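Residue numbers (PDB author numbering), protein chains in the order written: chain C, 6 to 12; chain A, 33 to 70, 75 to 302. In this text, a Cβ means the ideal position worked out from N, Cα and C, and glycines have one as well. A short worksheet on the structure shown next.
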Amino acid sequence: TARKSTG
Amino acid sequence: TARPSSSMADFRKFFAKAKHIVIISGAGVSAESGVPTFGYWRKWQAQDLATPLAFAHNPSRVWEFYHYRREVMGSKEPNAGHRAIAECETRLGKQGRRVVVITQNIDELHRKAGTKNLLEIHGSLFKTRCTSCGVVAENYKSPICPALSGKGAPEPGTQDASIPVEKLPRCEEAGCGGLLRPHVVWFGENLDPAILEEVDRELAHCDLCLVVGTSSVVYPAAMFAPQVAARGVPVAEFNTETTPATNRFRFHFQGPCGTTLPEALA
Ligand SMILES: [Zn+2]
């Protein structure tokens, strides 16, 4: 959840 | 079931009673300041360059991208939207009411407008982090290093500067010499845990939320407003269009945030 993603 | 409201009077009714207001902002709020969102830089979009893999395998290209944005941004000024947000905060603070800005933007335009309660969740265009020593530092130098002088041209067809790694920005702390990178959260990387706890604190306790000029396709920022909304707390969306998170929300106000925000936050 802390991960920056586009998906 | 029903389409989101377009009623400014309805929103303003909530705004007068709100004690804790969260404003989530994206590229749109600054694109109105002449700020190039990404939206192409040469043949690439931001998601292809804002990545540790891009930086690991072509750090010069990544630095050109960030150099261009730094130089363009410096001479950009806050707009009516930024100002309305700042002045809203200042005015409400004297009434004992809290306004906080959670921004996906790294342009620091909220800072320039005078915003105090600011969470910059993706870092800043004007900060560096050393890939060796880990030190974070403010950097507004123009150009950030001599080799980048006149580089970063954005036109498709522009040749890569191909600056040797030694001549990219280097750390000046305790003779480190390490390769500097933008202090920006890139796709594939984690947001700062400490910033996230503070974000969660504001979201868990606000009574009004505004999501402003953001596409809501970047995670986890995109989940912030729906979280507030899932508490039943009213959420208002200001955009030049609708979003994937829009229909969760109470309001949709179409048009430039420079027009809609000053009215809404009056
Ligand atoms: Zn260093």
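A:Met109 burial status per 10 Å Cβ neighbour count (16 or more: buried): Result: buried.
Contact test: A:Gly268 Cβ vs ligand 1 heavy atom, cutoff 6 angstroms: no
Cβ contact (3+ pairs, closer than 8 angstroms) linking the segment 209-226 of chain A and the segment 234-250 of chain A: no
Ligand 1 site residues, beta-carbon cut 6 angstroms against heavy atoms: A:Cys166, A:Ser168, A:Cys169, A:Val171, A:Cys207, A:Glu209, A:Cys212 and A:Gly214
Option in A:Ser65, A:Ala210 and A:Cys212 with minimal Cα separation from A:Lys148: A:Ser65
Contact with chain C by A:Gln81, beta-carbon distance below 7 angstroms: Any Cβ of chain C closer than 7 angstroms to the Cβ of A:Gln81 would place that residue at the interface, and such an atom is absent.
CB contact check: A:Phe223 to chain C, cutoff 7 angstroms: True, the Cβ-Cβ gap to chain C drops below 7 angstroms.
A:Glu277, buried or exposed, once every other Cβ within 10 Å from all chains shown has been counted against 16: exposed
Those runs of the beta strand (DSSP E) which lie wholly inside the segment 99-154 of chain A and span at least 3 residues: Fully enclosed beta strand (DSSP E) runs of 3 or longer: 134-139.
Member of A:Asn115, A:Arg206, A:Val253 and A:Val67 whose CA lies at the smallest distance from the CA of A:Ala173: For A:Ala173, the closest alpha carbon among the candidates A:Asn115, A:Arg206, A:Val253 and A:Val67 is that of A:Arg206.
For A:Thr296 and A:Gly129, the rounded distance between their alpha carbons: 22 angstroms
Uninterrupted beta strand (DSSP E) stretches inside the segment 162-202 of chain A (no shorter than 3 residues): Taken in chain order, the complete beta strand (DSSP E) segments of 3 residues or longer contained in the segment 162-202 of chain A are 172-174.
The segment 38-53 of chain A touching the segment 85-93 of chain A, judged by at least three CB pairs closer than 8 angstroms: no
Cβ shell of A:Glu299 (< 7 angstroms), same chain only, five flanking positions each side left out: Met40
For A:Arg35, the three-state DSSP class (helix, strand or coil): A:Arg35 carries a coil assignment under DSSP once its states are collapsed to helix, strand and coil.
Status (buried if at least 16 other CB within 10 Å, exposed otherwise) for A:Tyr176: Around the beta carbon of A:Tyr176, a 10 Å sphere encloses fewer than 16 other beta carbons of the protein chains shown; the residue is thus reported as exposed.
Cross-chain neighbours of A:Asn226 in chain C, by beta carbon under 9 angstroms: Taking the beta carbon of A:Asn226 as reference, the chain C residues within 9 angstroms of it are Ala7, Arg8 and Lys9, listed in sequence order.
For A:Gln140 and A:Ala257, believed in contact at Cβ under 8 angstroms, the rounded distance: 5 angstroms
Nonlocal neighbours in the same chain, by C-beta distance under 7 angstroms from A:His158, ignoring five residues either side: If the five residues before and after A:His158 are omitted, its C-beta is found closer than 7 angstroms to the C-beta atoms of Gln140, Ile142, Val220 and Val221, all from its own chain and listed in chain order.
Cβ-based neighbour list, A:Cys124, same chain, cut-off 6 angstroms, excluding 5 preceding and 5 following: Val135 and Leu301
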